[PDB]
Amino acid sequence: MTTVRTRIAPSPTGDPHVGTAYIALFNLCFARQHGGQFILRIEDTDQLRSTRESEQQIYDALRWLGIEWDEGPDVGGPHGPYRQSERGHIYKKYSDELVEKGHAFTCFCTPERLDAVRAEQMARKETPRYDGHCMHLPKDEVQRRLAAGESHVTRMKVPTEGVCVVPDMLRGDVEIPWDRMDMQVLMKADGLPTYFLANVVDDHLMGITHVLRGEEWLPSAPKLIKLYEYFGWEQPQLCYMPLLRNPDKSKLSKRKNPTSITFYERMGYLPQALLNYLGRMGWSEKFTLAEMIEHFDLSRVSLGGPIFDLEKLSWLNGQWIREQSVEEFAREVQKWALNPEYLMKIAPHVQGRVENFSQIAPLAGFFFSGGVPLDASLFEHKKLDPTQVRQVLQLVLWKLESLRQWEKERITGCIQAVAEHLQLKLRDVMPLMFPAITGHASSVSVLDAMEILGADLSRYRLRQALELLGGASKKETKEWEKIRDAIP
C-alpha cells in the first residue's frame, strides 16, 4: 500500500536536453500510473558548472513540454530542500556515519599522488584504481593530518572479488563484477558530495521508490546498491532505460541532431508533438500526455534503443499543426514568435533600413526562418583564405556553445577574444557572421540579431555555415582545440 514516488534529477550544467525530458516523461508516467508523486531534484553539487540560469532553463523547458512535478525547488514540498546545494549538512552526517561504521575511510592522497599511482598501474597492464593507500592508516596519523587542516576526501570501500546482481525491472538480473568497481570518492575535498552519495541519501530521504534512469548509469549501479547496504536502507526498484539513438545506430549527439529542447521550441515545434514523440520512442500513433499516461506501462517499452529521427518528428509536428482549429494554430504562432515582445526587439533595427514597409520582410525574414539559405560564395573573404575562414567559424562556434549567458556584450566578447587571439581585428571577423546569421552579406546589426535570435538558432546557423564550407577534419579539430583552450 506504499505510495509510489519517482524523480528526475538533472544537473544544471547546460542547456536542457531532450534526453532529460525523455527520462522525466517515463518517471512521470510511472508515478501517475500508480497514483503517486513525481519529484524534481536539482543536483547542483558541481558548483563549478552549475548556474542559477541553467536551473530556470530546466524548469521552463520541461514545463513548456507539459511536464509538471509535485515537489521541487520552484514549488516547494514536504521533503525538501530540493537543491542539493542546500543540503550540505545532510551529506556530511551520512558520510561520517559510513566512516564511523568502517564502511568508508579518509583519504589524504594529493592530486600529485593519485596521478603517479595511475601511471605506475597503466605501465603494469593493470586496471587503474585507487591503490587503497589511506585505507590502512593508523588512527593516530589520521587525527594528526586532520588537525593540521590537510585536504582530504572520503572514499567508500568496495569488494574486490565476486559479482553484483542488479535487478533491473525489464532486463532481469544484471551481473556486474565487483573488480570493475573502485573505492569511489563520496565527499570531495571542498566538502561537497558526489552523485553516488547525494543520490542515495536524497532518494532515500525523499522516499523515492522507483528509479528509471538511462542505461549510462548502469555500469556504476553496484556502488549505489552497496551504499544502501551500508546504511541498512531498503533499495528502490531499478530500471535502466536504453539510450536514444540517431538513425545511423550512433548515440544522440549535438553534432548530428541538436539535443537542446529549446532548439525545437525556437524552430517552431509544438511541445505536444515533441513530448508525444518522446513517448512514441519509448513505449507503444498520436496522443496527449493524459492519453499517454493512461496507456503507459513499462512492459510496453521496446528493449531496443529508441531512435530520434527528425524526419518522423517533423511529420508528427505537422499532424498536430493540421489537426486543430486555426485559432489554436494562431495562438501557438503568437507564443512562438509573433508577439509584441519579439517583434518590438526587431523594430528598432529595421526602422532605419527601410524606405517603405514592404522592405521589412526581406530584411527581417531571417528572424523567423530557423536556418537561412546557404550561399557558399557569401563567405569569400579578402584577408582570410578558405581554411582560415573555417578556423574562425569553428573557434567562434565553440566559444558560443560554452557561453552560458546569451547577451550581446558577452557574445561580442567571445568573438572579439577569438579574433584578438588569432592576431585578427574584430572588424575582420564580423563580415563572416552576417551571412551565417542572416543569409545576406549585409543586414541589421548582427550582434543585436544574435541576442534576439537566441543561443540555439545562432549556433545552429553557425554550424550549418561551417558545414557548408566543408567543416573541419579530425587533424584540424585537434590542432584548433589547442587554440580554443588558450582563449578566454
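Residues carry their position along the shown sequence, with the first being 1.
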Looking at residue 284 and residue 285, the deposited sequence has unmodelled residues in between totalling 4 to 9
Taking the deposited Cα B-factors and averaging over 454 to 462 and over 38 to 46, the higher mean is found in 38 to 46
Averaging the C-alpha temperature factors as deposited, the higher value of 68 to 76 versus 252 to 260 falls on 252 to 260
Scanning 168, 323, 265, 341 for peak Cα temperature factor in the entry gives 323
Highest CA B factor of 157, 381, 226, 204, as deposited, is found at 381
Split the chain's modelled residues into thirds by Cα B-factor; residue 61 lands in the lowest
Quick tally, chain-level thirds of C-alpha B-factors: residue 51 sits in the highest
Residue 186: C-alpha B-factor third of its chain, per the entry, is the lowest
Tertile call for residue 9 (CA temperature factor, within chain, third-based) is the middle
Residue 27: CA B-factor among chain residues, third -> lowest
